[PDB]
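Down below is the structure, laid out as structure tokens.
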Amino acid sequence: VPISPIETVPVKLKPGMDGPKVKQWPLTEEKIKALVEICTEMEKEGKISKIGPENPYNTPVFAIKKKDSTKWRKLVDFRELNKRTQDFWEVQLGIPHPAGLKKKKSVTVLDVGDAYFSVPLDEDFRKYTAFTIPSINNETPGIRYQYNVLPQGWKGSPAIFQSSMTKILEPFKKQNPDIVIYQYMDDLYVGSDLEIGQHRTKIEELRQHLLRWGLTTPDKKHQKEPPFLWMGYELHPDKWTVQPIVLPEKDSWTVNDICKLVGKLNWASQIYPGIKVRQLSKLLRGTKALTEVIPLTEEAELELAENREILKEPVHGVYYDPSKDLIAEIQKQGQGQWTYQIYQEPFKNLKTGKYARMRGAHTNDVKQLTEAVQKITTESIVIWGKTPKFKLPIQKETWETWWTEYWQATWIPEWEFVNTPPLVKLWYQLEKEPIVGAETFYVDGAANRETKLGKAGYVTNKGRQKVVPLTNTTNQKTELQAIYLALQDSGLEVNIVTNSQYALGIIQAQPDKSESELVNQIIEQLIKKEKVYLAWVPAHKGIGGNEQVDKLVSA
Amino acid sequence: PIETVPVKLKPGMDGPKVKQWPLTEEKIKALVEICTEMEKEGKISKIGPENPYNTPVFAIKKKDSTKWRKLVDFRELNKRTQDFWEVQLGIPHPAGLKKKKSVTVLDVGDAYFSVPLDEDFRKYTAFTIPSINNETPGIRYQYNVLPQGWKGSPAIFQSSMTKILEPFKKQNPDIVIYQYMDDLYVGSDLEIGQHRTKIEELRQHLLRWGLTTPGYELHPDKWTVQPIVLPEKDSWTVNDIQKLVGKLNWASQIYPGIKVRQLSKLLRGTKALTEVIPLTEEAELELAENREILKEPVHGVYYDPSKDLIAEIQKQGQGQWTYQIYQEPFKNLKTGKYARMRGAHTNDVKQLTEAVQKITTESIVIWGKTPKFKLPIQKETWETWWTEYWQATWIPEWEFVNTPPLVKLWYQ
DNA sequence: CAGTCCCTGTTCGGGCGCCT
DNA sequence: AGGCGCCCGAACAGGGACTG
Ligand SMILES: Cc1ccnc2c1NC(=O)c1cccnc1N2C1CC1
């Protein structure tokens with residue numbers, strides 16, 4: 000008989016399946032001498048058993064290495080067992096952001112030892128465990144066994160650990176409502192607003208409640224070690240920061256250099272305000288090999304520079320104070336780049352960030368701003384569970400003019416103006432009504448699908464005509480192309496009649512930038528006009544001077 | 004100690020594995036305080052990592068209510084229990100429900116907590132209550148009783164419902180009673196005073212049969241359909257005639273007898289948009305003849321039970337929104353318009369949410385079915401905010417649309 | 001009809017960043 | 001091996017207008 004520590008979790012197998020039988024796979028010859036013995040250790044501790052007849056089960060070995068160890072860490076490969084094992088609801092839904100933590104006077108870290116082996120495996124599932132690995136080189140064929148606990152590298156380990164741990168801590172927490180625990184893997188972080196000494200009272204008193212379940216908490220735990228280093232972070236009860244970032248100064252630039260580069264900058268953006276990655280990410284466009292050679296452009300270097308001076312001096316984030324309001328303020332950095340700071344007390348930031356993403360073929364600043372605000376709200380809910388009050392570089396009339404006109408439902412939550420140029424503006428507006436005494440250009444274009452050849456042109460009420468031949472084009476491009484002509488050849492006020500639903504759709508959303516140089520050009524002319532009224536009629540209905548410019552280009 | 008109706012996921016498909024979306028601390032508090040009570044009452048109970056299923060959950064306040072209601076998004080589950088409800092047990096849809104001068108909607112969902120649930124099915128009701136900033140992991144439960152908002156729940160409790168109501172139906176044979184999920188639709192041609200009284204009367208019955216019930233009225237006899245209409249003009253510009261012909265050309269997908277021929281000829285040369293052109297009689301007669309075909313019905317438009325409903329919404333500006341419910345393009349079972357809904361002139365998303373709820377409602381009262389929406393909104397925008405404006409116990413199906421305005425012509 | 005194209009938006013898959 | 005983020009490209013859906 001062995002004995003029975005802590006409540007057990009039912010485990011099935013993917014219905015209509017059973018345990019694996021496998022051939023061995025290579026592992027280093029030196030370290031493999033250590034385990035021949037180690038199995039004999041566990042027998043006595045309750046971690047192992049064996050049977051001769053009952054196991055048609057065999058498993059190989061493939062492992063992963065960790066830096067900063069004074070001793071070597073073992074692994075076993077269940078990959079065959081895994082695929083044959085039931086799925087679990089994963090316990091890790093992601094990780095807390097330092098910036099979401101409340102300030103705690105006292106913060107300690109207990110590390111659970113023999114964490115995975117401290118948890119009883121399901122009685123009835125134990126069997127599927129049998130395994131074999133090379134002796135030293137080898138002599139005799141081998142031997143085998145079964146697991147009484149959670150095996151390293153099994154699909155179900157992290158999930159079942161996490162739930163048991165949670166289950167244990169639960170009764171403690173209810174008896175200590177104002178302590179605060181967090182579990183990441185096998186480590187617990189505890190914190191309180193009690194006095195520095197009386198806090199350590201509860202730290203041992205908790206080491207008690209964990210022991211009562213067979214969970215060992217050594218004294219390597221450090222109250223005097225904090226800052227604690229956790230997943231790239233440095234944490235003091237009062238303030239947090241990213242762990243120090245080393246930006247390559249390398250003269251040699253490989254597309255893989257710029258990559259590692261960008262990723263670090265992007266990681267820097269949660270804290271150091273104003274990082275821009277735009278031009279460096281452009282280098283990466285359409286390259287075949289990750290080992291390829293690339294030169295740095297002036298913009299990308301002018302950017303890389305500005306970023307380096309930001310990292311020069313250090314910076315730190317504060318923590319969250321539920322009593323005080325949340326504030327998110329956004330600045331336009333140009334080239335469709337955006338930055339934001341989220342703070343409570345002025346000039347002390349909880350966190351920062353960028354929004355650079357250019358979404359759609361043709362867009363404008365209002366849209367891109369609306370998008371950043373949505374990014375920020377989403378992030379804010381995850382982290383603080385509430386929406387920040389927004390400080391935005393946009394006139395309340397600018398915004399009102401946009402959203403009430405746009406065809407889509409669009410919204411920004413409660414927000415106020417911050418006059419911090421560049422301000423967000425609408426660069427032109429289309430008239431809602433025909434412009435009296437403006438020339439009226441009827442425009443059309445056509446191209447031939449086969450020859451990619453076509454023509455773009457117009458007719459006006461004044462008798463003015465134009466037709467321009469075009470090479471290597473499409474039906475759409477010519478319709479854009481005709482509107483372009485009509486803008487160029489018209490005075491400061493003009494009415495344009497187009498039958499292109501495609502074209503009308505782009506222009507009407509009042510784009511300020513485009514992937515497309517032709518649309519960009521339409522935009523530049525549009526910004527120069529005083530008044531532009533743009534109308535649509537159905538094609539081939541024998542309408543207006545639409546039938547006429549249709550003949551001209553269909554010719 | 005009573006029976007339990009076994010239930011099964013229709014062939015081939017698994018339990019819902021859908022991820023939980025972030026909640027506000029507000030809503031996270033309300034769920035914790037709501038679930039602990041439902042645990043104490045043994046309605047739900049904690050579950051382990053051995054159960055790999057999840058349905059999303061959130062909370063809402065019903066219109067004019069300061070109390071938090073728990074809400075599960077069972078859409079994914081409901082899709083995978085479906086053959087069970089539709090093919091197995093039918094609910095006759097009163098064609099009269101829509102004609103009643105008044106219809107009140109009562110929340111009977113509470114009744115469902117009585118019946119036990121097939122122990123084999125319970126693993127599919129799994130839902131996580133999330134933590135702010137991921138500080139604790141999720142509190143995961145599963146349903147012991149019949150979960151509110153699941154499609155089997157109103158089904159299995161069907162017998163029991165039909166029973167408790169039979170006393171009332173007999174004394175009031177002229178009152179119409181429909182049931183869609185957690186909701187009970189009750190309507191009558193009675194004057195509102197005695198209506199509100201007859202509803203309380205209905206409230207007591209379920210009150211004495213072991214149910215609780217937290231105006232609600234709709235007025236279906238008054239529901240209007242929004243027709244297409246051509247403007248009335250004294251004098252017509254080229255531009256007017258142009259917008260007219262184009263609109264008429266569109267409308268003619270719906271009504272084949274529309275003609276633009278004579279109105280078209282009016283536009284012949286290349287003329288200034290703002291130039292004023294007089295209307296010929298041959299066109300004048302064509303325009304007047306069209307206005308006629310637009311007062312008619314549409315040949316061959318009728319609801320087909322087997323096909324799904326589809327609803328389209330356009331934002332018209334200045335608080336107006338237009339919609340059309342149809343099963344096949346250009347054949348509309350209904351067209352309508354909404355205005356000055358909450359949020360008008362301030363929040364678009366609030367207004368669209370309001371719209372989707374009013375549309376879904378009429379859709380249930382009329383065909384006893386919720387429509388699939390095409391929403392004039394960005395996916396992320398809608399998803400980020402809709403949960404704030406949601407006052408209903410069901411959740412229609414939706415997809416996101418970008419349709420710059422030439423269909424904006426369901427309203428001037 | 002189709003069947004084709006042209007264009008645009010979304011969604012997925014890969015490379016880094018941070019980590020197990 | 002997977003989680004969360006970014007930027008990029010290539011794939012895939014689907015909506016109109018032209019080919020006939
Ligand atoms: C790494 C980590 C993750 C999640 N929470 C915490 C921590 N560790 C802390 O450094 C911490 C710091 C300040 C406040 N809470 C903290 N805690 C909470 C437990 C008191």
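Residue numbers (the entry's author numbering), protein chains in the order written: chain A, 0 to 554; chain B, 4 to 217, 231 to 428. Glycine included, C-beta positions come from ideal geometry on N, C-alpha and C.
Around the beta carbon of B:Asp-76, 16 or more other beta carbons sit within 10 angstroms, so the residue counts as buried. As DSSP reads the structure, A:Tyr-342 sits in a beta bridge with A:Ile-326 and A:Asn-348. Distances taken from the Cβ of A:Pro-236 to the heavy atoms of ligand 1 include one shorter than 7 Å. In this structure, ligand 1 has no non-hydrogen atom nearer than 7 Å to the beta-carbon of A:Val-317. Relative to A:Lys-104, the option among A:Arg-72, A:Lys-424, A:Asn-147 and A:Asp-237 whose CA is nearest is A:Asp-237. At least one CB atom of chain B sits nearer than 8 Å to the CB of A:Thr-409. Placement of the Cβ of B:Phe-124 at a distance of 7 Å or more from every heavy atom of ligand 1 is found. Contact of B:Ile-411 with chain A by beta-carbon distance below 7 Å is absent, the smallest such distance being about 18 Å. Sequence-distant partners of B:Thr-403 (beyond 5 residues in either direction) whose C-beta falls short of 7 Å from its own C-beta, in its chain, are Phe-61. Contact annotation, A:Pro-95 with A:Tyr-232: C-beta distance approximately 10 Å; criterion of less than 8 Å not satisfied. In the same chain as A:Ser-553, and ignoring 5 residues on each side of it, the C-beta atoms closer than 7 Å to its own belong to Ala-445, in chain order.
Shown here for A:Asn-54: same chain residues with a beta carbon closer than 6 Å to its own, the five before and five after excluded, namely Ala-129 in chain order. Per DSSP, the continuous alpha helix (DSSP H) segment holding A:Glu-302 begins and ends at 297-311. Residue pairing from DSSP places A:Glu-492 in a beta bridge opposite A:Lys-530.
Between the beta-carbon of A:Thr-351 and that of A:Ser-280 there is about 19 Å, and that puts the pair past the 8 Å contact cut.
By the Cβ neighbour-count rule, A:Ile-159 is buried, with 16 or more other Cβ atoms within 10 Å of its own. Looking at the DSSP output, A:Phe-416 shares a beta bridge with A:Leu-391. Chain A places a beta carbon closer than 8 Å to that of B:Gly-262, counting this residue as a contact. Not one beta carbon of chain A lies nearer than 8 Å to the beta carbon of B:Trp-71. In this structure, the beta-carbon distance from A:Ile-270 to A:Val-314 falls below 8 Å. Classified as buried, A:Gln-161 has 16 or more neighbouring CB atoms from the shown chains inside 10 Å of its CB. Here A:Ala-267 carries a helix assignment [DSSP, helix/strand/coil]. At a cut-off of 8 Å between beta carbons, B:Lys-395 makes no contact with chain A. The three-state reading of DSSP puts A:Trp-398 in helix, counting H, G and I together.
Collapsing the DSSP output to three states places B:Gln-23 in coil.
Taking a Cβ-Cβ cut-off of 8 Å, the neighbours of A:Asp-86 in chain B comprise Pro-55, given in sequence order. Per DSSP, A:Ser-553 lies in no beta strand (DSSP E) segment; the continuous alpha helix (DSSP H) that holds it begins and ends at 545-553. If you keep only unbroken alpha helix (DSSP H) runs of at least 4 residues inside the stretch 122-209 of chain A, you get 156-174. A direct Cα-Cα distance of roughly 10 Å separates B:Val-254 from B:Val-261. Listed in chain order, the positions of the stretch 243-260 of chain B with a beta carbon within less than 8 Å of a beta carbon of chain A are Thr-253, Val-254, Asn-255, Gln-258 and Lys-259.
In this structure, the alpha-carbon of A:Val-493 lies about 7 Å from that of A:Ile-434. Here B:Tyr-318 is exposed: its Cβ has fewer than 16 other Cβ atoms, across all protein chains shown, within 10 Å.
With contacts defined as CB atoms closer than 8 Å, B:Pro-236 and B:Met-184 fail to qualify as a contacting pair. Taking 8 Å as the cut-off, the beta carbon of A:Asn-363 is found closer than this to the beta carbon of A:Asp-511.
The beta-bridge partner set that DSSP reports for B:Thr-107 consists of B:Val-189.
Its chain contains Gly-335 as the residues whose beta carbon lies nearer than 7 Å to that of A:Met-357, once the 5 sequence neighbours on both sides are disregarded; these appear in chain order.
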